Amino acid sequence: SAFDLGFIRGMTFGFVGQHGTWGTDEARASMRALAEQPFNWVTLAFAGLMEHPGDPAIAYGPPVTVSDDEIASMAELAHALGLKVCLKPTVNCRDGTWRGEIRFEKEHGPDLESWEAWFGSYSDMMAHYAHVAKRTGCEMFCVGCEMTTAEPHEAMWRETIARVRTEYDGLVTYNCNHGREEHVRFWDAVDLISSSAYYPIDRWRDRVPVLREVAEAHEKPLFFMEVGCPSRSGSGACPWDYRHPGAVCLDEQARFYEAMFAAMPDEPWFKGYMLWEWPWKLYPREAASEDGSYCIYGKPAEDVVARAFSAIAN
């Protein structure tokens, strides 16, 4: 199933999945526009909310996130447009702190500000959405994203994953941050290794050997659950950084994709690309030259990716 998996030509849709936004005419129009492109996968991504990086409570569902029925509506539409769907619940902090820096002073204590408490909340969230993934026939489920500070809590990640397996029979991945592929201890517990592969333009050429080594060592396919670059000046040096300032620069985004596609080998361990990202409210192509986001629609990167993905498809 993991070994046999068709090469992934994917796009992430709809983040952060704010309540009500996917049930709109706009979101429907955006998903249709996505499906005009040579993608075989879409990821429905959304974030629950922590107040602070040291708070064990996670808010998800309405009024924060899209409802379960909004998720189902988008999954149904995607499937009817011929796409396979990955469901990706994650968590953000209201103060803007990256989820890769969540931290607790205590390991244990269900009613304390502890790792145990936080994983209790997170595990309930994952079980909730693994069940939604089953309901909606999602072909993949992503159990976490860029949780660098949480990753050493290996027993707790294994408990979380096991719970997902009781609720969901499809492909399961965990999405680590770039630079963590060779660090995560629990790849044996998922079906596919995946990362947020925001490697700078000039590093693709020399990062490939470690990606190859990780995949081959774990006898599991590896793919990128996030990859992209904003269309802003200099962003190619820090494609992970959504806050990087810069004038709109369409070619810089294209150069990122050209560098990535040049470097990635045609070898069976590598299973492809889930691009970051596509908004639920899509700008018209006439406005694309003034857009500095990760979206490739209406920009030269659209053609770079479509040329690459059409060639893979054919």
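Just count from 1 along the sequence shown to find any residue number.
Asker: Can you let me know which of the two, 152-160 or 234-242, has the higher average C-alpha B-factor in the entry?
Answerer: Mean C-alpha B-factor is greater for 234-242.
Asker: Decide which of the stretches 18-26 and 288-296 has the higher mean C-alpha B-factor, going by the entry.
Answerer: The stretch with the larger average C-alpha B-factor is 288-296.
Asker: Of the choices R185, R94, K134, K84, which one's C-alpha carries the largest B-factor in the record?
Answerer: Within the set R185, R94, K134, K84, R94 shows the top C-alpha B-factor.
Asker: For the listed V172, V214, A130, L112, which has the peak Cα B-factor recorded in the PDB entry?
Answerer: Max CA B-factor in the entry, restricted to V172, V214, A130, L112: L112.
Asker: What third of its chain's C-alpha B-factors does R180 belong to: lowest, middle or highest?
Answerer: For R180, whose C-alpha B-factor we compare with every modelled residue in the chain, the answer is the lowest third.
Asker: Sort the modelled residues of this chain by their C-alpha B factor and say whether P56 lands in the lowest, middle or highest third.
Answerer: Within its chain, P56 is a highest-third residue by C-alpha B-factor, going by the deposited values.
Asker: Select lowest, middle or highest to describe the third in which the CA B-factor of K271 falls within its chain in this entry.
Answerer: Middle third - that is where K271 ends up once the chain's C-alpha B-factors are sorted.
Asker: Based on the entry's values, in what third of the chain does the Cα temperature factor of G144 lie: lowest, middle or highest?
Answerer: For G144, the deposited C-alpha B-factor lands in the lowest third.
Asker: Sorting by Cα B-factor within the chain, modelled residues only, which third would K88 end up in: lowest, middle or highest?
Answerer: Its C-alpha B-factor, which the entry lists for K88, ranks in the lowest third among residues of this chain.
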